[PDB]
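Have a look at the structure below, then the notes.
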Ligand SMILES: [Mg+2]
């Protein structure tokens, strides 16, 4: 149902998250922000079962912020993605598994590099130039396969995301009420005003 | 100070509680000996019944652990029955888990390991008993195995336990030095009982009536204890012996 | 498979007046199409001027009535024989019932 | 009951000191001297074997220096068996961090976990503390080369050069005298060997009486070398402590 | 009702662990046992001091097989050694053979026994073990090795050593008689010569216990048909072999 | 001085359990309470102690069931614990068996509950003595309970400070009060005379008096305050 | 050394457990209680010290019943006796549940003995302060047993414990010497009444109340019943006539 | 250390209980007066330094809207009891839709007091704090209870605990009557506090609070307490 | 298993283990906390013989509990680590369940409750640690400084010291801290704190740490050069005599 999109360009990562929250035949919310800031340079968008999503995301955020306060050091995006993958891989074999899929976008200050990770409720992690969770992938991947260049600027990436969102609004059968777009780069995390 | 009350090391590297348990073994002032025959094993023990109000048939320090293993205890009867119950339980569990009757030496090693546990853990006190297991093992023949409060266990060609232990020990050693074999070369177990009683009266220097002795005989696939009438029969045959 | 529930019929009815209340119940206990008893009362005095009836599954109703009677006994024990108000009894019965939210009492209750 | 035999190992003295911690430090004071020195391009650990004999095989012996992972080592002073228990738990914690974050565990995190393990025994449980002091020599990207020490209290500190075990006062005075910040790893090797030869309780400092280790950058990676007896003899004859 | 949840072994103000030193005292009063490493095997020997001559000597087995390539001898309190041998045989399977399919190397098994003893010197309501062990083993990647394990849980590798009453004397002998070019038979000879001084009583195969970690014994395997399945390297010497090697002194 | 009073698991060389004796002494320093019975009723009278003139005379009689109750002398918390145990046992009898718990069985259960604390390390004997009255299928019953575990059925007794006065009073008045059947007021008056026989330099008032009555056709009832005014 | 008697389960240098012997001292300070094994059953008797006439007579029963065929009486700390009887009731219940037949007297004796002996193995528990005379009729006939705080128990032709245990024992001994053929049930009851009256001399300061129970194969059909009513008065009269 | 926490003295007392009472004797003074117009609780704040902000000295706490509490002794030990009482009151309101009786709240608090020893897990020692639990319910009206670590609790028309408690009790005995009014109770509490205080009584080292059936449990701010202190000064100044 | 009552009462009404923990606090390095007009300064004394100590990697006495709240201590550093870990976990938990960071008072109360539980639990000894917790409540500019003792007591302070020679520094603060006129600028507060430290340090800037906490989660520890600047200004104003 939910759209979770991510494009990693030359100098930043861009995350798009559908704004719609729907229970039954009612769109309860049209302005929902499906991301949590795990660290100043690491953002995580999430989608899946009701309640599981926000619970898991805020639990991960709590642990990452606790680490940052304990060590006075910001974990790399790779380490954060490994921690989240371990949590999901442990949850999948518990009594009630978290049914959450996440995209983790970070700017590693050490490597000075944008990293984008895709992890599903099973604990399947991959680093991708562009990733998508759920049925939205079935449209976006091929589109990016044609239009994505590794040396794209953030504005080019935003035009590409606009193209993807237009394709989802055209062909996807559910009205997800637009997307919230966020950019993670060396300067931190900002939100694109209007999209 | 406190190193004399729990099973920890004294500065001389000794466990005083174990020594005092060994001391407690002689509290009953009862002697016993065990000998091996050609195909049997006999245990003789003293039967001292001071009170006339006592039922003599219930005064016993010989226990039928399994159908093949008997155990005679030198020590207080509460610890004796504790060890006897544990040995019976262990033998039954062994037969259940491994499909064959527990060997005498294996039960001795088990009880010795439990004794070692008691000498190493401070919460449990040692048992003031010396256990002599007798059997006719299907793989070892007539077998005598003794275990003490210290956790030691060892097999014997013959053995004796009690206050006059050393005297009986010496007597048996001498007989085996004379006979040059490690057992009693007699076919019938009654004669081996006779030999054991004869050498016990020789070592202790006192005669025995039928109510002063306890005789346990282990033969292949059986362990039993003689009645007062059967003990009297052995005594009659000893009296007739020159 | 074992069904832990049953239906024992019956019917209860409570009406409040100006300075009085009434709780009535039929004295019939049935199983399927058989009459178990023609006089098996199901409206009970519980003390502190409170009458109670749980109608439906006779076993669950008896259990609930017993638990509530015990609850009033211990309320007297623990609060200097304070009179159990009708609303206090209602709340205590809400907690008694919801304690088995996942293995419910198959009874409708009226005090 | 049984409370009469309880030595009450985790109580305070009227001066605010833990009896068992102080007595275990006194125990460690009689252990073989160990030295760590942090140079600008490496770290060096040296230690004296208190247990030594003509018939003791040294090739297969590890008494004072231990690998925790591929970038952290420890010099131990005190009860070797308690040290091995703590070393096993530290290795396990390092591998746990690796499995969780897919990154090598920073040295200070491992040091703090092991020191917390030590401190637990000094506050609850009614058990004796670990009679072990550690010198951690490690490398991580965040802080570079790191040298730490931890005593039975659970306290850990960071040093440019430090010594634990026997004759810590003399060795610390010598290190404070002869340590300079810009020195290289070979200079640190020389200083460690000189301090151990001057504060030893034996007649001369021999190869069979020493353990040696260096964590250095030599190729873009850091190599952890536990010196073999022949390497120890060679480095000893190179600094002029032995002949042949 | 086990209320002894506190250490019975604590640091004295001098820094000593009293119970460990007293266990070492108990070891030093034990009958002498020694071990000698050769280039083609290891030998471990001890005296079978029997209290009564009525006792059967074969039951007093002081050398015990741990793995087909690892055996052990001791000095100290027999029963502690016996339960330690049982725990060691068990941990050789649970902690290694059931995980890797092969028996553990000598150093790993020795370190496990050392961990057991150290736990005995720190857990609640327990005394340390009153024994010191000499473990002689062979593994494919370390060759032959000889380790000594103390009540403290400390273990050290020895070219040759001895423990017990005559320990000091024996060690002097070994120091002046050991060389890295030694043969297994020469090591057995030196072991017999060293034990001959530490024993007051009779000196024959029945009064001495001696075992070796040498070559593989295919005849001691029990089955044939797997060329990779080598025989056991641990072999306990019989009384006849001990006497045959004694007669030529 | 005495190394055998450290805990309840230590016998003295004489064979004594000093901690149990100190619990008994905790009773003897507690306030006085008397109990007596006839063939139709049973009465507890309790002189409740006050901390001072501004204090409240502490509750000294506890109901355990409609047919059974007790009065206490000693550590009030331990009496709360034991009374709760007795309430739970009566409740268990009533619920599982539709059966009023016999007074003798309640005494047995209290004896067992108290002995469990006199043989195990850690913990202490209860510092209370209890007088238990009750009317059951066997008639009227009065029980005396001590921390030692000894529970005994009596026609009357008293516990607390100077209780021997009331004890001897009932010893003399036994043939009198045993035969007062069907007149609770006379039983209460006899008990009040008894508890007066065990007070020195004091006088019963409305605040320091507690009465409890149970018997044939009479549920266990407690009278406090003006309800006891009829008995001075 | 000294201090051996302060803790339970501690061996003194002479091999004794002084706490058990102090428990026996506590037993000896208790009221007298006896048991007589007759030809086809057992009789138990006990002296109840009437401290005052406020005690309700015929109440405050001391003899306890286990299962329907075992009778138990004890001297010493009455609460410990009740505890031991409860344990024995649990043992008999479990035995009946598993093996169907009621527990034989030797089996029950060993259950009680193992329990009491286990209470002498740890310093965290106190030994039992009772001596117990118990028994009854099983498929093998009549059995009488006495069990001491040590856990030691034996089978007796007659047993006695408490203050007046000496005289009683002596009197009992005469019985064994007087009739080697055995006593009948009612004869044993009357004899137990006489023996209790005789042993009361060691506690002659306070008045006493006799309490008798019996378990006879012919008189009670193997069940344990209190001797009450006319038979109790007959035994009391026999004892009183024997005193003057 | 040579005994046990649940060990009787030869006179029949619990050693740790008596020792905790001795520790409570060293605490700040806390006085309570129960009238027919309300109950008053006052405490000596007792600052250990002028730098300590006297506002953060919380010796009077609210158990429920109709029940307040004053602590004396090791006030750190009180915190757990305060939490237990707050949860007990709120839980009784939850289960029964009514306010908990003050005696019932005090009884639940005292259930904790003797919940110590070596066990099945308990506290190692008794509490070192005593409580004055003041409240109002419809059954017994206004009530003031004294709760000891001995598990026992009493009811008082007035009660003083803490350091100068002994001499305070006598004074209360002199100045308490059944027809005492709330304002007289406040002034009397302030008077006895000023008498037993080691410094000059002002609004910074003395805290006042009350429980009235109308407005529940209210702690008086510094200004109301200062005005009451000025009024007490005026009343006492006009006497000979 | 081990549940022995280590913290018990003495016949004079004392818990000797808690008082001995306070003694352990008395022998630790000195820590000072001063409330400004809009800031809180925490100063700390370092132990001497640091000639070979690596100040880069050694743990500092002032640990950050949350972006807005810091904690310093005096006593045994390992117990302080345990308390700081508990406090940080509780701060994150409070963020997670209440959607608002901890107040300085709530964090202080949690730490003091942990310490009290350790003085009331069997088988455990009290913390040989006393703490100074400083910061600003969320969306508030009023400084907060609290102090907790091993016993479990906690209280607010305009300024307070713990550790060795804390009586001297406390008397100095009582003499030179006017509640009517708190240090207006951050500079005045840091100067007062470094003077209070220098009264006992007797060395120089090398064994003195200073951390300033300003509202909206602004927390910065001064480097040794600013500390030396303050020390040189103090000694220059000292030279006039
Ligand atoms: Mg032991």
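Protein chains in written order, with my numbering: chain U, -6 to 188; chain W, 40 to 281; chain E, 30 to 140; chain L, 99 to 342; chain H, 64 to 312; chain P, 52 to 283; chain C, 444 to 687; chain B, 837 to 1076; chain F, 396 to 636. We put the CB at the ideal spot given by N, CA and C, even for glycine.
Note down, in chain order, every chain P residue with its Cβ under 9 Å from the Cβ of residue i.
i, result
"residue 95/E", "146"
May I have the straight-line CA-CA distance separating residue i from residue j, to the nearest angstrom?
i, j, result
"residue 540/C", "residue 31/E", "28 Å"
"residue 490/F", "residue 940/B", "36 Å"
"residue 944/B", "residue 854/B", "21 Å"
"residue 425/C", "residue 134/W", "Residue 425/C lies beyond the range of chain C shown here (444 to 687); nothing can be said about it."
"residue 936/B", "residue 100/E", "16 Å"
"residue 366/P", "residue 232/P", "A query on residue 366/P cannot be resolved here, the shown segment of chain P reaching from 52 to 283 and no further."
"residue 85/P", "residue 583/C", "52 Å"
"residue 449/F", "residue 31/U", "32 Å"
"residue 477/C", "residue 569/C", "25 Å"
"residue 258/H", "residue 167/L", "44 Å"
"residue 61/P", "residue 222/H", "55 Å"
If the cut is a Cβ gap below 8 Å, which residues of chain L does residue i touch?
i, result
"residue 529/C", "What residue 529/C touches in chain L: nothing, since even the nearest Cβ is about 24 Å away."
"residue 240/W", "Under the 8 Å cutoff, chain L gives no residues; its nearest Cβ is about 48 Å from residue 240/W."
Under the DSSP definition of a beta bridge, which residues are partnered with residue i?
i, result
"residue 576/C", "516/C and 589/C"
"residue 266/P", "92/P and 269/P"
Output needed for residue i: all residues of its chain with C-beta closer than 6 Å, excluding positions within five of it in sequence on either side, in chain order.
i, result
"residue 897/B", "905 and 918"
For a contact meaning CB atoms closer than 9 Å, what does residue i contact in chain C?
i, result
"residue 66/H", "565, 566 and 567"
Whose Cβ in chain U lies nearer than 8 Å to the Cβ of residue i?
i, result
"residue 249/L", "Going along chain U, no residue has its Cβ under 8 Å from residue 249/L, so there is no contact; the nearest lies around 22 Å."
What residues from chain L crowd round residue i, counting only those whose CB sits closer than 9 Å?
i, result
"residue 75/U", "197, 198, 199, 200 and 201"
Can you list the residues of chain W that residue i reaches, using a CB-CB cut of under 9 Å?
i, result
"residue 446/C", "40, 41, 43 and 44"
Starting from the beta carbon of residue i, find every residue of chain F whose beta carbon is closer than 8 Å, and list them in chain order.
i, result
"residue 959/B", "515, 516 and 517"
Count the C-beta pairs between the stretch 252 to 268 of chain W and the stretch 173 to 189 of chain W that are closer than 8 Å, then say yes if the count reaches three, no if not. yes
Three CB pairs or more closer than 8 Å across the stretch 641 to 650 of chain C and the stretch 620 to 633 of chain C: no
Below 8 Å, can you find three or more Cβ-Cβ pairs linking the stretch 466 to 483 of chain C to the stretch 508 to 522 of chain C? yes
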